[PDB]
Amino acid sequence: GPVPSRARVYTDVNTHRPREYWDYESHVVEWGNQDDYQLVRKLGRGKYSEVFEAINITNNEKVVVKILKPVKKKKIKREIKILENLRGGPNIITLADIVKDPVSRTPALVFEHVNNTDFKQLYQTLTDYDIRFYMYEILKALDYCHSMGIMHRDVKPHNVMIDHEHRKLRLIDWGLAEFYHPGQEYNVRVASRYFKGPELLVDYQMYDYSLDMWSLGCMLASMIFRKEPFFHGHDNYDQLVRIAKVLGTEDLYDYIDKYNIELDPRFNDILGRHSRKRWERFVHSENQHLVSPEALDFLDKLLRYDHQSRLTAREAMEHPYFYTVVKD
Ligand SMILES: COc1cc(/C=C(\C#N)C(=O)Nc2nnc(Br)s2)ccc1O
């Protein structure tokens, strides 16, 4: 059977927290007043929610309202508990209130309003300095939630809100997030295809916070190389082949051999043999202003097959890539 795995950091955060901290099924929601919020316009719809801009008529301030779609009360209470546990943490979206929507018959989560700059306008404009600055801001959120025993499991551009005017960033949509318990097997059907870590794509269930660091590396690669998404697979099998054409097949076999994983035999006709590539091959005249030796070394240390070998969030914040970023 598969070789077990543990996070190399924050391994026992939840074992030493009180049970109420991670036992989200027993959480008792404290409901606010549903008429406090006047919906203004629909911002978006996803598979699990619809999001609206609203006015909190009690303090005359803008908020956003996330009306959850019908899903098992455990995933709803899981998200609520995680948001309450993380509230006040650096660059974590702030849950302001929870109300019962009378039409959907589900909870509506009320969040702080972030004046989000257009995500397409954003990445086409980000300077080298901006990319380093916002990556550091994302790392603050990830180190915080990891230090709190939680993995996000859905890091991707759509879940990073940036108000570029005020240089303000928030990590949102904690609906896939989970508590990390050593030895626990987790669902591999998490994250968007282009950001799925190798552990998900080879069906290795005993993963940890380091999943988020692969996803972060995929975002970084897309930003500094101006290729969206970077690993552009047609399905979850082709996604791993795309990764293997860059990281190479010998290190993929080393990875699965370390954990006693076998590839789906359907890979026999599609995977091939591939050398590991050097990151410089992706540099060209239209992205070179975003690339530096430090950027490539940082990216290289995030994008490892072996989840145990990736930089942790705190280690990433120590990387020379961020030396140029002005610290508060
Ligand atoms: C989907 O899950 C979440 C979403 C949000 C927030 C937004 C969304 N979508 C949002 O504020 N979008 C905006 N677009 N323009 C402006 Br101006 S604000 C907050 C917490 C969540 O868990």
# chains A, B, ... in the order shown; residues from 1 in each chain; ligands from 1
$ residues_near_ligand --ligand "ligand 1" --cutoff "8 Å" --atoms "only C-alpha atoms and all ligand atoms" --output "ChimeraX atom specification"
/A:43-46,49-53,63-66,93,95,109,111-118,159,161,171-175
$ write_last_selection --atoms "N, CA and C atoms" --output "PDB file, in the first residue's frame"
ATOM      1  N   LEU A  43     -22.556  39.774  -8.537  1.00  0.00           N
ATOM      2  CA  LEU A  43     -21.157  39.808  -8.944  1.00  0.00           C
ATOM      3  C   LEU A  43     -20.764  38.562  -9.725  1.00  0.00           C
ATOM      4  N   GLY A  44     -21.260  37.398  -9.332  1.00  0.00           N
ATOM      5  CA  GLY A  44     -20.843  36.176  -9.991  1.00  0.00           C
ATOM      6  C   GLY A  44     -21.593  34.979  -9.455  1.00  0.00           C
ATOM      7  N   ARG A  45     -21.435  33.869 -10.171  1.00  0.00           N
ATOM      8  CA  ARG A  45     -22.003  32.583  -9.799  1.00  0.00           C
ATOM      9  C   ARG A  45     -20.931  31.520  -9.970  1.00  0.00           C
ATOM     10  N   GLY A  46     -20.827  30.622  -8.996  1.00  0.00           N
ATOM     11  CA  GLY A  46     -19.934  29.483  -9.120  1.00  0.00           C
ATOM     12  C   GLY A  46     -20.695  28.196  -8.889  1.00  0.00           C
ATOM     13  N   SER A  49     -22.003  28.706  -5.063  1.00  0.00           N
ATOM     14  CA  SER A  49     -22.521  29.936  -4.479  1.00  0.00           C
ATOM     15  C   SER A  49     -22.836  30.941  -5.573  1.00  0.00           C
ATOM     16  N   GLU A  50     -23.622  31.945  -5.191  1.00  0.00           N
ATOM     17  CA  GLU A  50     -23.776  33.183  -5.937  1.00  0.00           C
ATOM     18  C   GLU A  50     -23.352  34.331  -5.037  1.00  0.00           C
ATOM     19  N   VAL A  51     -22.670  35.319  -5.609  1.00  0.00           N
ATOM     20  CA  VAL A  51     -22.078  36.407  -4.838  1.00  0.00           C
ATOM     21  C   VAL A  51     -22.702  37.723  -5.287  1.00  0.00           C
ATOM     22  N   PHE A  52     -23.058  38.561  -4.321  1.00  0.00           N
ATOM     23  CA  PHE A  52     -23.741  39.815  -4.591  1.00  0.00           C
ATOM     24  C   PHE A  52     -23.051  40.960  -3.870  1.00  0.00           C
ATOM     25  N   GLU A  53     -23.003  42.118  -4.524  1.00  0.00           N
ATOM     26  CA  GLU A  53     -22.661  43.346  -3.829  1.00  0.00           C
ATOM     27  C   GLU A  53     -23.875  43.821  -3.056  1.00  0.00           C
ATOM     28  N   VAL A  63     -20.692  45.750   1.495  1.00  0.00           N
ATOM     29  CA  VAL A  63     -20.274  44.395   1.810  1.00  0.00           C
ATOM     30  C   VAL A  63     -20.510  43.542   0.568  1.00  0.00           C
ATOM     31  N   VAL A  64     -20.119  42.277   0.652  1.00  0.00           N
ATOM     32  CA  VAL A  64     -20.465  41.305  -0.375  1.00  0.00           C
ATOM     33  C   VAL A  64     -21.162  40.143   0.303  1.00  0.00           C
ATOM     34  N   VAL A  65     -22.164  39.591  -0.377  1.00  0.00           N
ATOM     35  CA  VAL A  65     -22.996  38.542   0.189  1.00  0.00           C
ATOM     36  C   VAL A  65     -22.860  37.299  -0.666  1.00  0.00           C
ATOM     37  N   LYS A  66     -22.466  36.202  -0.038  1.00  0.00           N
ATOM     38  CA  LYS A  66     -22.245  34.925  -0.713  1.00  0.00           C
ATOM     39  C   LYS A  66     -23.357  33.965  -0.298  1.00  0.00           C
ATOM     40  N   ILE A  93      -9.896  37.017   3.785  1.00  0.00           N
ATOM     41  CA  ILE A  93     -11.176  37.707   3.661  1.00  0.00           C
ATOM     42  C   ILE A  93     -11.928  37.636   4.997  1.00  0.00           C
ATOM     43  N   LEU A  95     -15.043  37.462   7.272  1.00  0.00           N
ATOM     44  CA  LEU A  95     -16.459  37.178   7.460  1.00  0.00           C
ATOM     45  C   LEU A  95     -17.037  38.170   8.463  1.00  0.00           C
ATOM     46  N   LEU A 109     -23.300  34.203   3.538  1.00  0.00           N
ATOM     47  CA  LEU A 109     -22.125  34.704   4.236  1.00  0.00           C
ATOM     48  C   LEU A 109     -21.871  36.138   3.799  1.00  0.00           C
ATOM     49  N   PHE A 111     -19.295  39.305   3.724  1.00  0.00           N
ATOM     50  CA  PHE A 111     -17.872  39.591   3.788  1.00  0.00           C
ATOM     51  C   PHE A 111     -17.614  41.077   3.604  1.00  0.00           C
ATOM     52  N   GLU A 112     -16.433  41.496   4.065  1.00  0.00           N
ATOM     53  CA  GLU A 112     -15.902  42.803   3.713  1.00  0.00           C
ATOM     54  C   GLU A 112     -15.924  42.984   2.199  1.00  0.00           C
ATOM     55  N   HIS A 113     -16.051  44.231   1.769  1.00  0.00           N
ATOM     56  CA  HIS A 113     -16.050  44.549   0.349  1.00  0.00           C
ATOM     57  C   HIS A 113     -14.629  44.907  -0.079  1.00  0.00           C
ATOM     58  N   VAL A 114     -14.107  44.181  -1.063  1.00  0.00           N
ATOM     59  CA  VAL A 114     -12.824  44.488  -1.693  1.00  0.00           C
ATOM     60  C   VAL A 114     -13.134  44.976  -3.096  1.00  0.00           C
ATOM     61  N   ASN A 115     -12.666  46.178  -3.422  1.00  0.00           N
ATOM     62  CA  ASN A 115     -12.941  46.786  -4.722  1.00  0.00           C
ATOM     63  C   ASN A 115     -12.018  46.147  -5.755  1.00  0.00           C
ATOM     64  N   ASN A 116     -12.432  44.971  -6.219  1.00  0.00           N
ATOM     65  CA  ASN A 116     -11.571  44.110  -7.014  1.00  0.00           C
ATOM     66  C   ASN A 116     -11.273  44.737  -8.368  1.00  0.00           C
ATOM     67  N   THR A 117      -9.989  44.851  -8.693  1.00  0.00           N
ATOM     68  CA  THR A 117      -9.601  45.244 -10.038  1.00  0.00           C
ATOM     69  C   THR A 117      -9.800  44.064 -10.982  1.00  0.00           C
ATOM     70  N   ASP A 118     -10.119  44.372 -12.239  1.00  0.00           N
ATOM     71  CA  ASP A 118     -10.384  43.328 -13.225  1.00  0.00           C
ATOM     72  C   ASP A 118      -9.205  42.366 -13.310  1.00  0.00           C
ATOM     73  N   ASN A 159      -9.471  33.246  -6.955  1.00  0.00           N
ATOM     74  CA  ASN A 159      -9.694  33.284  -5.518  1.00  0.00           C
ATOM     75  C   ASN A 159      -8.761  34.246  -4.814  1.00  0.00           C
ATOM     76  N   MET A 161      -8.419  38.223  -4.484  1.00  0.00           N
ATOM     77  CA  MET A 161      -8.965  39.540  -4.773  1.00  0.00           C
ATOM     78  C   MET A 161      -7.889  40.583  -4.537  1.00  0.00           C
ATOM     79  N   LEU A 171      -7.390  36.624   0.190  1.00  0.00           N
ATOM     80  CA  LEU A 171      -7.608  35.252  -0.245  1.00  0.00           C
ATOM     81  C   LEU A 171      -9.037  34.850   0.127  1.00  0.00           C
ATOM     82  N   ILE A 172      -9.823  34.452  -0.881  1.00  0.00           N
ATOM     83  CA  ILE A 172     -11.262  34.213  -0.727  1.00  0.00           C
ATOM     84  C   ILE A 172     -11.612  32.766  -1.069  1.00  0.00           C
ATOM     85  N   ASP A 173     -12.909  32.452  -0.964  1.00  0.00           N
ATOM     86  CA  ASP A 173     -13.545  31.163  -1.275  1.00  0.00           C
ATOM     87  C   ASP A 173     -12.862  29.995  -0.556  1.00  0.00           C
ATOM     88  N   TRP A 174     -13.129  29.956   0.744  1.00  0.00           N
ATOM     89  CA  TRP A 174     -12.650  28.904   1.623  1.00  0.00           C
ATOM     90  C   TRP A 174     -13.575  27.696   1.618  1.00  0.00           C
ATOM     91  N   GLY A 175     -14.427  27.576   0.593  1.00  0.00           N
ATOM     92  CA  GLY A 175     -15.373  26.478   0.523  1.00  0.00           C
ATOM     93  C   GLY A 175     -14.765  25.104   0.318  1.00  0.00           C
TER      94      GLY A 175
END
$ residues_around --residues "region 217-227 of chain A" --least-positions-apart "2" --cutoff "6 Å" --atoms "only C-alpha atoms" --output "PyMOL selection string"
chain A and resi 214-215+229-230+287+290-291+299+302-303
$ closest_residue --among "A:278, A:314, A:232, A:181" --to "residue 17 (chain A)" --atoms "only C-alpha atoms"
A:181
$ select_by_dssp --residues "region 93-169 of chain A" --states "alpha helix (DSSP H)" --output "PyMOL selection string"
chain A and resi 119-125+128-147
$ write_last_selection --atoms "N, CA, C and O atoms" --output "CSV table (one decimal), in the first residue's frame"
chain,number,residue,atom,x,y,z
A,119,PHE,N,-9.5,41.1,-13.2
A,119,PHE,CA,-8.4,40.1,-13.2
A,119,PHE,C,-7.7,40.0,-14.5
A,119,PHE,O,-6.5,39.7,-14.5
A,120,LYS,N,-8.4,40.3,-15.6
A,120,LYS,CA,-7.7,40.3,-16.9
A,120,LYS,C,-6.9,41.6,-17.1
A,120,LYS,O,-5.7,41.5,-17.5
A,121,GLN,N,-7.5,42.7,-16.7
A,121,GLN,CA,-6.7,44.0,-16.7
A,121,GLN,C,-5.5,43.8,-15.8
A,121,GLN,O,-4.5,44.4,-16.0
A,122,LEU,N,-5.7,43.1,-14.7
A,122,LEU,CA,-4.6,43.1,-13.6
A,122,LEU,C,-3.4,42.3,-14.2
A,122,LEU,O,-2.3,42.9,-14.2
A,123,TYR,N,-3.5,41.1,-14.6
A,123,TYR,CA,-2.3,40.3,-14.9
A,123,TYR,C,-1.6,40.9,-16.2
A,123,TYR,O,-0.4,40.7,-16.3
A,124,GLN,N,-2.4,41.5,-17.1
A,124,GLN,CA,-1.8,42.1,-18.2
A,124,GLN,C,-1.0,43.4,-17.9
A,124,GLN,O,-0.2,43.8,-18.7
A,125,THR,N,-1.2,43.9,-16.7
A,125,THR,CA,-0.5,45.1,-16.3
A,125,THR,C,0.6,44.9,-15.2
A,125,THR,O,1.5,45.8,-15.1
A,128,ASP,N,7.0,43.6,-12.6
A,128,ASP,CA,7.9,42.7,-11.8
A,128,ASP,C,7.7,43.0,-10.3
A,128,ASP,O,7.5,42.1,-9.6
A,129,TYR,N,7.8,44.3,-10.0
A,129,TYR,CA,7.6,44.6,-8.6
A,129,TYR,C,6.2,44.2,-8.0
A,129,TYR,O,6.1,43.7,-6.9
A,130,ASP,N,5.2,44.5,-8.8
A,130,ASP,CA,3.8,44.1,-8.4
A,130,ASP,C,3.7,42.6,-8.2
A,130,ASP,O,3.1,42.2,-7.2
A,131,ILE,N,4.3,41.8,-9.1
A,131,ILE,CA,4.2,40.4,-8.9
A,131,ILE,C,4.8,39.9,-7.6
A,131,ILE,O,4.3,39.2,-6.8
A,132,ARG,N,6.0,40.5,-7.3
A,132,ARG,CA,6.7,40.1,-6.1
A,132,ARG,C,5.9,40.5,-4.9
A,132,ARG,O,5.8,39.8,-3.9
A,133,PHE,N,5.4,41.8,-4.9
A,133,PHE,CA,4.6,42.3,-3.8
A,133,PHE,C,3.4,41.5,-3.5
A,133,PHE,O,3.1,41.1,-2.4
A,134,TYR,N,2.6,41.2,-4.5
A,134,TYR,CA,1.4,40.4,-4.3
A,134,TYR,C,1.6,39.0,-4.0
A,134,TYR,O,0.9,38.4,-3.2
A,135,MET,N,2.7,38.3,-4.5
A,135,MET,CA,3.0,37.0,-4.1
A,135,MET,C,3.3,37.0,-2.6
A,135,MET,O,2.9,36.0,-1.9
A,136,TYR,N,4.1,38.0,-2.1
A,136,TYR,CA,4.3,38.1,-0.7
A,136,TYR,C,3.1,38.2,0.1
A,136,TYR,O,2.9,37.5,1.2
A,137,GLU,N,2.1,39.0,-0.4
A,137,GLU,CA,0.8,39.1,0.3
A,137,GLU,C,0.1,37.8,0.3
A,137,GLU,O,-0.6,37.5,1.3
A,138,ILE,N,0.1,37.0,-0.8
A,138,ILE,CA,-0.5,35.7,-0.7
A,138,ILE,C,0.2,34.8,0.3
A,138,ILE,O,-0.5,34.0,1.0
A,139,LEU,N,1.5,34.9,0.3
A,139,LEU,CA,2.2,34.0,1.3
A,139,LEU,C,1.8,34.3,2.7
A,139,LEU,O,1.8,33.4,3.5
A,140,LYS,N,1.6,35.6,3.0
A,140,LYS,CA,1.1,35.9,4.4
A,140,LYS,C,-0.1,35.2,4.7
A,140,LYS,O,-0.3,34.6,5.8
A,141,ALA,N,-1.1,35.1,3.8
A,141,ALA,CA,-2.3,34.5,4.0
A,141,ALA,C,-2.2,32.9,4.1
A,141,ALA,O,-2.7,32.3,5.0
A,142,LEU,N,-1.3,32.4,3.3
A,142,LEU,CA,-1.1,30.9,3.3
A,142,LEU,C,-0.3,30.5,4.5
A,142,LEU,O,-0.7,29.5,5.2
A,143,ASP,N,0.8,31.2,4.9
A,143,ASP,CA,1.4,30.9,6.2
A,143,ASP,C,0.5,31.0,7.3
A,143,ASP,O,0.5,30.1,8.2
A,144,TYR,N,-0.4,32.0,7.3
A,144,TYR,CA,-1.4,32.1,8.4
A,144,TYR,C,-2.3,30.9,8.5
A,144,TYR,O,-2.5,30.3,9.5
A,145,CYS,N,-3.0,30.6,7.4
A,145,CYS,CA,-3.9,29.5,7.5
A,145,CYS,C,-3.2,28.2,7.7
A,145,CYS,O,-3.7,27.4,8.5
A,146,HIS,N,-2.1,28.0,7.1
A,146,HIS,CA,-1.3,26.7,7.5
A,146,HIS,C,-1.0,26.7,8.9
A,146,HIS,O,-1.1,25.6,9.6
A,147,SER,N,-0.5,27.8,9.5
A,147,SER,CA,-0.1,27.8,10.9
A,147,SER,C,-1.4,27.6,11.8
A,147,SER,O,-1.2,27.2,13.0
$ select_by_dssp --residues "region 58-282 of chain A" --states "strand (DSSP E or B)" --output "PyMOL selection string"
chain A and resi 61-68+92+95-101+106-112+150-151+160-163+168-171+178-179
$ residues_around --residues "region 242-258 of chain A" --least-positions-apart "6" --cutoff "7 Å" --atoms "only C-alpha atoms" --output "PDB file with N, CA and C atoms, in the first residue's frame"
ATOM      1  N   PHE A 231       0.378  25.350 -17.041  1.00  0.00           N
ATOM      2  CA  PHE A 231       0.195  23.940 -17.401  1.00  0.00           C
ATOM      3  C   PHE A 231      -1.238  23.782 -17.898  1.00  0.00           C
ATOM      4  N   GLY A 233      -3.633  21.630 -19.358  1.00  0.00           N
ATOM      5  CA  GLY A 233      -4.075  20.289 -19.704  1.00  0.00           C
ATOM      6  C   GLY A 233      -5.519  20.260 -20.175  1.00  0.00           C
ATOM      7  N   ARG A 273       8.548   9.628 -22.550  1.00  0.00           N
ATOM      8  CA  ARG A 273       9.742   9.949 -21.777  1.00  0.00           C
ATOM      9  C   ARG A 273      10.125  11.395 -22.031  1.00  0.00           C
ATOM     10  N   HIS A 274      10.465  12.112 -20.960  1.00  0.00           N
ATOM     11  CA  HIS A 274      10.750  13.534 -21.045  1.00  0.00           C
ATOM     12  C   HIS A 274      11.852  13.910 -20.085  1.00  0.00           C
ATOM     13  N   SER A 275      12.840  14.622 -20.603  1.00  0.00           N
ATOM     14  CA  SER A 275      13.863  15.174 -19.742  1.00  0.00           C
ATOM     15  C   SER A 275      13.287  16.311 -18.909  1.00  0.00           C
ATOM     16  N   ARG A 276      13.936  16.595 -17.785  1.00  0.00           N
ATOM     17  CA  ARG A 276      13.629  17.816 -17.060  1.00  0.00           C
ATOM     18  C   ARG A 276      14.186  19.010 -17.824  1.00  0.00           C
ATOM     19  N   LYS A 277      13.415  20.093 -17.861  1.00  0.00           N
ATOM     20  CA  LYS A 277      13.772  21.287 -18.609  1.00  0.00           C
ATOM     21  C   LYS A 277      14.305  22.353 -17.666  1.00  0.00           C
ATOM     22  N   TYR A 305       7.549  17.825  -7.818  1.00  0.00           N
ATOM     23  CA  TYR A 305       6.624  16.699  -7.698  1.00  0.00           C
ATOM     24  C   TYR A 305       6.379  16.339  -6.242  1.00  0.00           C
ATOM     25  N   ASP A 306       7.458  16.138  -5.495  1.00  0.00           N
ATOM     26  CA  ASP A 306       7.361  15.664  -4.123  1.00  0.00           C
ATOM     27  C   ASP A 306       6.839  16.790  -3.241  1.00  0.00           C
TER      28      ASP A 306
END
$ atom_distance --atom1 "CA of residue 284 (chain A)" --atom2 "CA of residue 318 (chain A)"
27.5 Å
$ residues_around --residues "residue 22 (chain A)" --least-positions-apart "2" --cutoff "10 Å" --atoms "only C-alpha atoms" --output "ChimeraX atom specification"
/A:14-15,17-20,24-27,78,81-82,85,149-150,178-181
$ write_last_selection --atoms "C-alpha atoms" --output "short mmCIF file (atom, residue, chain, number, x, y, z; two decimals), in the first residue's frame"
data_model
loop_
_atom_site.label_atom_id
_atom_site.label_comp_id
_atom_site.auth_asym_id
_atom_site.auth_seq_id
_atom_site.Cartn_x
_atom_site.Cartn_y
_atom_site.Cartn_z
CA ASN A 14 -5.14 20.64 15.39
CA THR A 15 -4.30 17.84 17.80
CA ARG A 17 -6.14 22.88 19.65
CA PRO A 18 -9.37 22.22 21.56
CA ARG A 19 -11.81 19.92 19.80
CA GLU A 20 -14.27 22.78 19.17
CA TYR A 24 -16.92 21.91 12.58
CA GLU A 25 -19.87 19.48 12.56
CA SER A 26 -20.64 20.52 16.14
CA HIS A 27 -20.30 24.24 15.39
CA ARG A 78 -16.77 23.56 7.50
CA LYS A 81 -15.90 27.37 11.01
CA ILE A 82 -12.73 27.92 8.97
CA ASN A 85 -11.06 30.52 12.93
CA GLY A 149 -4.09 23.99 10.76
CA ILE A 150 -5.97 24.73 7.53
CA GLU A 178 -9.91 21.63 5.17
CA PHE A 179 -8.38 21.05 8.56
CA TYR A 180 -5.06 19.23 8.36
CA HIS A 181 -4.93 16.11 10.55
#
